[PDB]
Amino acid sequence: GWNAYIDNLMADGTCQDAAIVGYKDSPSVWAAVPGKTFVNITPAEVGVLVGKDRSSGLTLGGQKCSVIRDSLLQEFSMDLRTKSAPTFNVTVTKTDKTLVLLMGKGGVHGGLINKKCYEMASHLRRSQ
């Protein structure tokens, strides 16, 4: 399920990819945008995102990214940029059970992507 939250995240047209991914015990994509990138996120990739090691970029659905700000286990958020060709702002926010991921279209503020991701995760915490 969880397609409602994807639809909402994608509705204003500023973003090109979004996903909800469970990370407890057996990580899995609960919902994502078909034919994009996040839908291909692997449990191993999730493992890196939530791993205790915050030193060692990373990949999301195979797509190489650069970590720009990491507070995921702290904001409970992470800001990234896709590694290039035009690059895109990506934000990952961590709820009690899920990772919420959001990728902006070219020329969209990383702050907007972060805000949209942050608030959605906040919304999701209210029912978890």
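Position 1 is the first residue in the sequence shown; the rest follow in order.
Per the record, residue 26 and residue 27 are directly connected, with no deposited-sequence residue omitted between them. Going from residue 74 to residue 75, the model skips 1 to 3 deposited residues, which lack coordinates.
Between 65-73 and 87-95, it is 65-73 that carries the larger average Cα temperature factor according to the deposited entry. In the deposited entry, the Cα temperature factor of residue 44 sits in the top third of values across the chain's modelled residues.
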